Amino acid sequence: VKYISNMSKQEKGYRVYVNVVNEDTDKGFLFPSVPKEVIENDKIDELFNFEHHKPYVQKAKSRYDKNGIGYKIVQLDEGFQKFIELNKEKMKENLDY
Amino acid sequence: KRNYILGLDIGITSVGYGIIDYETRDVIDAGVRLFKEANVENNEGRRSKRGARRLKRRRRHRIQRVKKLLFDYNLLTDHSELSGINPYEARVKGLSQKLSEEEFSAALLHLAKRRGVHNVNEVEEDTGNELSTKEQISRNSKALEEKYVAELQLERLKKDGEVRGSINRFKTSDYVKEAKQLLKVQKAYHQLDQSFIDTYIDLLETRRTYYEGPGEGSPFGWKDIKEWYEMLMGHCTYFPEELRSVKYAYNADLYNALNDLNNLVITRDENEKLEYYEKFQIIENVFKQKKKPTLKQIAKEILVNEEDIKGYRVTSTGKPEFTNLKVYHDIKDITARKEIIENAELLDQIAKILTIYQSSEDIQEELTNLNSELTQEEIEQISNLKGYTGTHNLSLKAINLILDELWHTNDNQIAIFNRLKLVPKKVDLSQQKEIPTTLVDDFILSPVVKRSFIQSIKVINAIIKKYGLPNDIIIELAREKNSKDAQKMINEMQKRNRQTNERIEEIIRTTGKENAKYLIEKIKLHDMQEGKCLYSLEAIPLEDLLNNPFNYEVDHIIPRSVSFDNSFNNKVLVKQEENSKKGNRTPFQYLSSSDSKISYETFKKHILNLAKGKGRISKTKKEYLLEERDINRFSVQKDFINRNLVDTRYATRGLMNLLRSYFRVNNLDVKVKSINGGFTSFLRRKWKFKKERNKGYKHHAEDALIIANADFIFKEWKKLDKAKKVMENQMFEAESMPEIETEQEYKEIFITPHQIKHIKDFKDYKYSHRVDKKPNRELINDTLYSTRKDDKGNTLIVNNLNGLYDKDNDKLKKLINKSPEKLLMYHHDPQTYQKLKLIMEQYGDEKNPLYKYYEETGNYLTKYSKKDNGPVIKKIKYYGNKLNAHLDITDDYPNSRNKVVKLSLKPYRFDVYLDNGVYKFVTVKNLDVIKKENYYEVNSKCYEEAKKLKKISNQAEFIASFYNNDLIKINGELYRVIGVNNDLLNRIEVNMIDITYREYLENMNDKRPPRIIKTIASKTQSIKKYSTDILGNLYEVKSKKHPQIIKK
RNA sequence: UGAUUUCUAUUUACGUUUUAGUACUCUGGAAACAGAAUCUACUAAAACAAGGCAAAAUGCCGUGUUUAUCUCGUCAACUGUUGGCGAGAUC
């Protein structure tokens, strides 16, 4: 299962964090710059094509309801478009969006 | 022949070497080579004194030539006399009346002695008398609008009474005019040829130009302009045929600017480096349009923000350091004609003209002789340019080649030099048996590091010769530039540690405990961050910190896996959960992920506001926290290891390049590497090899051994191989297969004291001392003294007292209050002494009473006079000490009533003889050596007299001779020779080898005089000579009886 | 714990001291000046790291760097005994 865990609006795009989590492993992928055309159109098919850091591998958490930033974590298939509405105000608090 | 990991520690006075077995980690050997610290002040003084001798000899020879000329035309004879001739009066009289031969030639000689200045432009700052030389000459010439120099000199002599001084500064043009008018009217009575007048005028207004140099026979001279030019610039280190370029050339400026530009890192959606078109657009639109570039202009050039840009050279304050365009903008502010300013060859020629030529008219004539589109008024404006000096490292050919390679690629000078691997072609490294030491000479390094490199290179040579070719060599260079820079750093370290200690004492007095002393690191980190974690921005209370720190961890921002940076600029006191969620991640790679706290934009705002706040964040730490790069690439690991693990300083860079080139030319596969100092510091700290270093010279070897072990660790783990392949610049095949991941892996591989006890418990070190045998050192003390023979038979030296009208010179009051009989006016002028004592008793409150007297009355002290018309006192002669040892120079002074001597005959060596079973010795002073054309010969007469002084018999079996630091062994005890202390009492001064005697006494807190003096007489069992290798192996010495007299 | 500048060239006006003169002072003195000291100043000539070259010359070297002692010796400078470049050897 792939979760959209954190997002940050930039001048020309979006920084995205995606946790691919199987039964016992959580792999965190950081995409520093995702084009705005892919974000605003929920083109989740183009996640991997963008450059990303090597996945940080850790033990899987029990559930992925809330991260440290309090943002509501959504599944990648639900699209970043809905994430933009989930916590637009919480992202406005910490200067991302 | 066992392969070893050679370790070198290079300092300013020591070269420590450690030989450690390659596959068993045991210590094969360890030693220290010692040498006095080289200093540019000695050469500077020698050069200044050589120039002074040149000036004096030239003036004297000019006077002798005028004398020969006057003897030719019978203006004098070998029977004339000018005892009563005052040259000033006769010189002013020659302008209007007849001069006798005796009156004429005296004025001519007095003119030839002091002839003024040709070019007013060249002048020094040696003016304590507040007067510019140019300004003084201009004021005098303005006073000379309707007067000759003779008239002005004589009228000043008649008005005040002074002629000589800083006011007698004229230019040669005016003296020449006066001499010409004198010859004009004086030609009628004495038969003088026109060619004679021209010869005298020539002898008056002729001086050597700065490009002709010394005449024939001088080893420092030359033949024509080409030879002087080649000598000044010097052959390129790489290209023997092409000479070096000027430091402020156009091509060199552009090369440095593009190096700076290629060192850039920009956080943009495009390539993070700089492309070709962007670089050319920057050069034209920013560099060619502004003199001193700023980060703001280069940022706004390519539509980026200045804050997103990283990796720029910085100044001492925190401003970007970008290469400014010197010649381009110095020319553009005079003419904007594209043909003149753009042509690179024209600007290169202008740079070469302005640098090696300095007088205005020569610059004009040689730019005029550079036939081009150049106008004439532009030459007039360009002549007055300033600040074009220096010689570049490489020639213009290599400059252009590296310029092409820099324009087209993204590499810098370091990367290009590592890539192409061009070899020094001055001395061919192929058919040379040993390491060439002359290659260090061509490098533009200070003589201190130059001497240190020569010593280290010869030590490596001896190690290779006596043990075979090594496998791995590692070299660490000291941080200190000279002793004074070391003292600056030591003073700042003690001051900062004292301030932190006082702050910790204040904190401990606030809360109350000895608990604050153990928390230093954390407490300082917290202090630099106003009690705030950086990952989570949660408040970090200081009371909670003092109570239970275990939840506040000192996390390393960039992982120890790649960064290798353990410095203070790489620690953040944070919550335990943040560190547990960080792991082997960077704050950029962590803060945006799920496991983290508040997002990255808030942290960026906080950290950029803290970096601007009171300088609490270093630039290095600020760049660490905002590393938005993927540390999993090879480029970032390469950058990190090159910066914080390899010595990027130019000196170590050149030493490395030389060693690697010599090893690769002979196809000898040997790997050499250099290591950063802070890393070895962290190693020595966490190993606890020796926390405090006071044992002595042995320390210099120890660290060497340590870094050898360091190299050892970089061979024992397949993961670390990448670092081993970066610290040596050995080509690695995208590999990235083995690695070190958890910072605990760093702690296990590095901190673990593997084979540390064997490095501690070693007690068989070696020491080698340097012997200075060069004669013709400082012979005598420069100042010259007079003597007076008092009623007591002992002779007395007269010291002078200057500057009687300063404010912090209480020496006169000291002399009058302690014992006034030391002054000479006590015995030979008691009335003036009584007046001076009255003034002294008058102004006790002020420090120097005579200054306050002069400031309140406007008249400095006058000698006792019945009509009150006595002269001025400016200096006072007073008695000094006796005359025990002295060099008498009475023969040089005619019919002197007092013996004139100089002090402190400097000793050169001492030869130990054995006469009838008792040891004696003769001290050979530096005066006893005559310098016959690079053949130094000991004066047989003076040496025989010195032998006779000690009543040394002829049958005395000569034992040996000892120069500086030649090891001696007396009574069975071995020492090093500092030198003759008092030859008359048969005493010498020695010292220990493994430690200084001062430190030997400071270890046991002894208060004995920290210097060892031994007496060589019948109270001495034996005297033997011992030397050492350039590695530290002791050896006896065949006397080769009949001590050395000739020195090549 | 916090990133290169060597080598060299030209000239000026100072300063130290000796000698000589002058000024200053102090003895027998109306004076000439006979005379003492060389303290304090001014002017002139000369020496200024000891010295070694060179022969009318815009003359030269002399406080810098390298410096592990001494051997057989090949080939060299030289007013006879040390320097490359090798073979060698150490209480």
# chains A, B, ... in the order shown; residues from 1 in each chain; ligands from 1
$ residues_around --residues "region 320-329 of chain B" --least-positions-apart "5" --cutoff "8 Å" --atoms "only C-alpha atoms (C1' of nucleotides)" --output "ChimeraX atom specification"
/B:248-250,253-254,256-257,260,287-288,290-295,312-315,341,347,351
$ write_last_selection --atoms "C-alpha atoms" --output "PDB file, in the first residue's frame"
ATOM      1  CA  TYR B 248      46.573  40.119 -12.724  1.00  0.00           C
ATOM      2  CA  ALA B 249      46.379  39.086 -16.389  1.00  0.00           C
ATOM      3  CA  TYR B 250      43.109  38.767 -18.285  1.00  0.00           C
ATOM      4  CA  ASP B 253      41.405  36.497 -14.037  1.00  0.00           C
ATOM      5  CA  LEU B 254      38.906  34.715 -16.287  1.00  0.00           C
ATOM      6  CA  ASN B 256      39.816  32.126 -11.534  1.00  0.00           C
ATOM      7  CA  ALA B 257      36.349  33.562 -12.217  1.00  0.00           C
ATOM      8  CA  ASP B 260      34.550  30.214  -8.835  1.00  0.00           C
ATOM      9  CA  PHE B 287      31.157  40.096 -14.853  1.00  0.00           C
ATOM     10  CA  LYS B 288      31.879  42.448 -17.767  1.00  0.00           C
ATOM     11  CA  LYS B 290      30.220  45.229 -12.766  1.00  0.00           C
ATOM     12  CA  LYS B 291      33.633  45.445 -11.119  1.00  0.00           C
ATOM     13  CA  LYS B 292      33.022  43.423  -7.950  1.00  0.00           C
ATOM     14  CA  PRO B 293      30.385  40.722  -8.537  1.00  0.00           C
ATOM     15  CA  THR B 294      27.711  39.986  -5.959  1.00  0.00           C
ATOM     16  CA  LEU B 295      25.625  36.893  -5.325  1.00  0.00           C
ATOM     17  CA  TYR B 312      30.186  30.141  -2.900  1.00  0.00           C
ATOM     18  CA  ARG B 313      33.527  31.359  -1.583  1.00  0.00           C
ATOM     19  CA  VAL B 314      33.154  33.571   1.485  1.00  0.00           C
ATOM     20  CA  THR B 315      35.076  36.439   3.058  1.00  0.00           C
ATOM     21  CA  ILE B 341      38.834  46.757 -24.837  1.00  0.00           C
ATOM     22  CA  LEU B 347      44.777  43.394 -22.666  1.00  0.00           C
ATOM     23  CA  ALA B 351      48.979  43.602 -18.215  1.00  0.00           C
TER      24      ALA B 351
END
$ closest_atom_pairs --of "chain C" --to "chain B" --cutoff "8 Å" --atoms "only C-alpha atoms (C1' of nucleotides)" --output "Markdown table"
| residue | atom | partner | partner_atom | distance |
| --- | --- | --- | --- | --- |
| C:1 | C1' | B:567 | CA | 4.5 |
| C:2 | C1' | B:568 | CA | 6.2 |
| C:3 | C1' | B:649 | CA | 6.7 |
| C:4 | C1' | B:650 | CA | 5.7 |
| C:5 | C1' | B:444 | CA | 6.6 |
| C:6 | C1' | B:444 | CA | 5.1 |
| C:8 | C1' | B:232 | CA | 7.0 |
| C:9 | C1' | B:210 | CA | 4.7 |
| C:10 | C1' | B:210 | CA | 4.2 |
| C:11 | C1' | B:117 | CA | 6.9 |
| C:12 | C1' | B:117 | CA | 5.6 |
| C:13 | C1' | B:169 | CA | 5.5 |
| C:14 | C1' | B:165 | CA | 6.8 |
| C:16 | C1' | B:784 | CA | 5.8 |
| C:17 | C1' | B:786 | CA | 6.8 |
| C:18 | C1' | B:893 | CA | 5.5 |
| C:19 | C1' | B:894 | CA | 6.5 |
| C:20 | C1' | B:83 | CA | 7.4 |
| C:21 | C1' | B:84 | CA | 7.1 |
| C:23 | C1' | B:870 | CA | 8.0 |
| C:24 | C1' | B:870 | CA | 6.0 |
| C:25 | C1' | B:829 | CA | 7.2 |
| C:37 | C1' | B:828 | CA | 7.2 |
| C:39 | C1' | B:828 | CA | 4.7 |
| C:40 | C1' | B:873 | CA | 6.0 |
| C:41 | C1' | B:871 | CA | 4.9 |
| C:42 | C1' | B:161 | CA | 6.3 |
| C:43 | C1' | B:86 | CA | 7.2 |
| C:44 | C1' | B:86 | CA | 6.6 |
| C:46 | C1' | B:893 | CA | 7.8 |
| C:47 | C1' | B:892 | CA | 5.7 |
| C:48 | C1' | B:784 | CA | 7.7 |
| C:49 | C1' | B:782 | CA | 5.9 |
| C:50 | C1' | B:927 | CA | 5.7 |
| C:51 | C1' | B:930 | CA | 7.0 |
| C:52 | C1' | B:932 | CA | 5.8 |
| C:56 | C1' | B:65 | CA | 6.7 |
| C:58 | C1' | B:208 | CA | 5.6 |
| C:59 | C1' | B:215 | CA | 6.7 |
| C:60 | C1' | B:217 | CA | 5.9 |
| C:61 | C1' | B:933 | CA | 7.4 |
| C:62 | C1' | B:931 | CA | 7.3 |
| C:63 | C1' | B:778 | CA | 4.2 |
| C:64 | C1' | B:43 | CA | 4.3 |
| C:67 | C1' | B:772 | CA | 6.0 |
| C:68 | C1' | B:1029 | CA | 5.8 |
| C:69 | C1' | B:1037 | CA | 5.3 |
| C:70 | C1' | B:1038 | CA | 5.1 |
| C:81 | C1' | B:1046 | CA | 7.7 |
| C:82 | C1' | B:1048 | CA | 6.7 |
| C:83 | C1' | B:1048 | CA | 6.9 |
| C:90 | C1' | B:1035 | CA | 5.5 |
| C:91 | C1' | B:1036 | CA | 6.5 |
$ residues_around --residues "residue 21 (chain A)" --least-positions-apart "5" --cutoff "7 Å" --atoms "only C-alpha atoms (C1' of nucleotides)" --output "ChimeraX atom specification"
/A:1-2,26-27,60
$ write_last_selection --atoms "N, CA, C and O atoms" --output "compact mmCIF listing (two decimals), in the first residue's frame"
# COMPACT_ATOMS: atom_id res chain seq x y z
N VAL A 1 0.84 -1.19 0.00
CA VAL A 1 0.00 0.00 0.00
C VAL A 1 0.87 1.25 0.00
O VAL A 1 1.81 1.36 0.79
N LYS A 2 0.56 2.18 -0.89
CA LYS A 2 1.29 3.44 -1.00
C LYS A 2 0.46 4.57 -0.40
O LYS A 2 -0.69 4.78 -0.80
N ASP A 26 8.37 -0.35 5.76
CA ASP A 26 7.93 0.95 5.28
C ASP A 26 9.10 1.61 4.56
O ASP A 26 10.15 1.84 5.16
N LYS A 27 8.91 1.91 3.27
CA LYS A 27 9.93 2.56 2.45
C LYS A 27 9.45 3.97 2.12
O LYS A 27 8.44 4.14 1.43
N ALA A 60 7.56 -1.20 9.70
CA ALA A 60 6.24 -0.66 9.41
C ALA A 60 5.53 -0.24 10.69
O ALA A 60 5.64 -0.92 11.72
$ select_by_dssp --residues "chain A" --states "strand (DSSP E)" --output "ChimeraX atom specification"
/A:2-9,13-21,25-35,56-59,74-75
$ write_last_selection --atoms "N, CA, C and O atoms" --output "CSV table (one decimal), in the first residue's frame"
chain,number,residue,atom,x,y,z
A,2,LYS,N,0.6,2.2,-0.9
A,2,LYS,CA,1.3,3.4,-1.0
A,2,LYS,C,0.5,4.6,-0.4
A,2,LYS,O,-0.7,4.8,-0.8
A,3,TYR,N,1.0,5.3,0.6
A,3,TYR,CA,0.4,6.4,1.2
A,3,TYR,C,1.1,7.7,0.8
A,3,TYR,O,2.3,7.8,0.8
A,4,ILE,N,0.3,8.8,0.6
A,4,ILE,CA,0.8,10.1,0.5
A,4,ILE,C,0.9,10.7,1.9
A,4,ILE,O,-0.2,10.9,2.6
A,5,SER,N,2.1,10.9,2.4
A,5,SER,CA,2.3,11.2,3.9
A,5,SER,C,2.6,12.7,4.1
A,5,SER,O,2.2,13.2,5.2
A,6,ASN,N,3.2,13.4,3.2
A,6,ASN,CA,3.5,14.8,3.4
A,6,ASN,C,3.6,15.5,2.1
A,6,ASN,O,4.1,14.9,1.1
A,7,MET,N,3.2,16.7,2.0
A,7,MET,CA,3.3,17.5,0.8
A,7,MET,C,3.6,19.0,1.2
A,7,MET,O,3.3,19.4,2.3
A,8,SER,N,4.3,19.6,0.3
A,8,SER,CA,4.8,21.0,0.5
A,8,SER,C,4.7,21.8,-0.8
A,8,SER,O,5.4,21.4,-1.8
A,9,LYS,N,3.9,22.8,-0.9
A,9,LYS,CA,3.8,23.6,-2.1
A,9,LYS,C,5.1,24.5,-2.3
A,9,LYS,O,5.5,25.2,-1.4
A,13,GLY,N,6.4,23.8,-8.1
A,13,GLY,CA,5.9,22.5,-8.0
A,13,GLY,C,5.5,22.1,-6.6
A,13,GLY,O,5.1,22.9,-5.8
A,14,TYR,N,5.7,20.8,-6.3
A,14,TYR,CA,5.3,20.2,-5.0
A,14,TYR,C,6.4,19.2,-4.5
A,14,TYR,O,6.7,18.3,-5.3
A,15,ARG,N,6.8,19.4,-3.3
A,15,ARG,CA,7.6,18.3,-2.6
A,15,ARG,C,6.7,17.3,-2.0
A,15,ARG,O,5.7,17.6,-1.3
A,16,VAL,N,6.9,16.0,-2.3
A,16,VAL,CA,6.0,14.9,-2.0
A,16,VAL,C,6.7,13.9,-1.2
A,16,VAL,O,7.9,13.6,-1.4
A,17,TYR,N,6.1,13.2,-0.2
A,17,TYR,CA,6.6,12.1,0.5
A,17,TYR,C,5.6,10.9,0.4
A,17,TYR,O,4.4,11.1,0.7
A,18,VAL,N,6.1,9.8,0.0
A,18,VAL,CA,5.2,8.6,-0.3
A,18,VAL,C,5.8,7.4,0.5
A,18,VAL,O,7.0,7.1,0.2
A,19,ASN,N,5.0,6.8,1.3
A,19,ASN,CA,5.5,5.6,2.0
A,19,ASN,C,4.8,4.4,1.4
A,19,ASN,O,3.6,4.2,1.4
A,20,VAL,N,5.7,3.5,0.8
A,20,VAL,CA,5.2,2.2,0.3
A,20,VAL,C,5.5,1.2,1.4
A,20,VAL,O,6.6,0.9,1.8
A,21,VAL,N,4.4,0.7,2.0
A,21,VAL,CA,4.4,0.0,3.2
A,21,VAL,C,3.7,-1.4,3.0
A,21,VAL,O,2.5,-1.4,2.7
A,25,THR,N,7.5,-3.7,6.3
A,25,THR,CA,8.5,-2.8,5.8
A,25,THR,C,7.8,-1.5,5.4
A,25,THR,O,6.8,-1.6,4.7
A,26,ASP,N,8.4,-0.4,5.8
A,26,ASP,CA,7.9,0.9,5.3
A,26,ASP,C,9.1,1.6,4.6
A,26,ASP,O,10.2,1.8,5.2
A,27,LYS,N,8.9,1.9,3.3
A,27,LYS,CA,9.9,2.6,2.5
A,27,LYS,C,9.5,4.0,2.1
A,27,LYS,O,8.4,4.1,1.4
A,28,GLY,N,10.2,5.0,2.6
A,28,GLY,CA,9.8,6.4,2.4
A,28,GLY,C,10.6,6.9,1.2
A,28,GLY,O,11.8,6.9,1.2
A,29,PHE,N,9.8,7.4,0.2
A,29,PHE,CA,10.4,8.1,-1.0
A,29,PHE,C,10.1,9.6,-0.9
A,29,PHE,O,9.0,10.0,-0.7
A,30,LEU,N,11.2,10.4,-1.0
A,30,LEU,CA,11.1,11.8,-1.0
A,30,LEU,C,11.3,12.3,-2.4
A,30,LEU,O,12.3,12.1,-3.0
A,31,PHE,N,10.2,13.0,-3.0
A,31,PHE,CA,10.3,13.6,-4.3
A,31,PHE,C,10.4,15.1,-4.1
A,31,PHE,O,9.4,15.8,-3.7
A,32,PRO,N,11.6,15.7,-4.3
A,32,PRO,CA,11.8,17.1,-3.9
A,32,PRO,C,11.0,18.1,-4.8
A,32,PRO,O,10.6,19.1,-4.3
A,33,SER,N,10.8,17.7,-6.1
A,33,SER,CA,10.1,18.6,-7.0
A,33,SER,C,9.2,17.8,-7.9
A,33,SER,O,9.8,17.1,-8.8
A,34,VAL,N,7.9,18.0,-7.8
A,34,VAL,CA,6.9,17.4,-8.7
A,34,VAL,C,6.2,18.5,-9.4
A,34,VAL,O,5.8,19.4,-8.8
A,35,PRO,N,6.1,18.4,-10.7
A,35,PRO,CA,5.5,19.5,-11.5
A,35,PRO,C,4.1,19.8,-11.0
A,35,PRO,O,3.4,18.9,-10.6
A,56,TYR,N,14.1,5.5,2.3
A,56,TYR,CA,14.4,5.2,3.7
A,56,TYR,C,13.6,4.0,4.2
A,56,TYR,O,12.4,4.1,4.2
A,57,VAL,N,14.3,2.9,4.6
A,57,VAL,CA,13.7,1.7,4.9
A,57,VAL,C,13.6,1.6,6.5
A,57,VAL,O,14.6,1.7,7.1
A,58,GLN,N,12.4,1.4,7.0
A,58,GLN,CA,12.2,1.2,8.4
A,58,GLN,C,11.1,0.2,8.7
A,58,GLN,O,10.5,-0.3,7.8
A,59,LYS,N,11.0,-0.2,10.0
A,59,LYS,CA,9.9,-1.1,10.3
A,59,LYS,C,8.5,-0.4,10.1
A,59,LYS,O,8.4,0.8,10.4
A,74,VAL,N,-3.3,10.1,3.2
A,74,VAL,CA,-4.2,9.4,2.3
A,74,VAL,C,-3.5,8.5,1.4
A,74,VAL,O,-2.2,8.5,1.3
A,75,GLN,N,-4.2,7.5,0.8
A,75,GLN,CA,-3.6,6.6,-0.1
A,75,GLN,C,-3.3,7.2,-1.5
A,75,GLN,O,-4.0,8.2,-1.9
$ interface_residues --of "chain B" --to "chain A" --cutoff "12 Å" --atoms "only C-alpha atoms" --output "NGL selection string"
:B and (267-270 or 304-305 or 308 or 535-537 or 577-578 or 580-606 or 627-633 or 741)
$ select_by_dssp --residues "region 290-443 of chain B" --states "alpha helix (DSSP H)" --output "JSON, numbers by chain"
{"B": [295, 296, 297, 298, 299, 300, 301, 326, 327, 328, 329, 330, 331, 332, 338, 339, 340, 341, 342, 344, 345, 346, 347, 348, 349, 350, 351, 352, 353, 354, 355, 356, 360, 361, 362, 363, 364, 365, 366, 367, 368, 377, 378, 379, 380, 381, 382, 383, 396, 397, 398, 399, 400, 401, 402, 403, 404, 405, 406, 407, 408, 413, 414, 415, 416, 417, 418, 419, 420, 439, 440, 441, 442]}
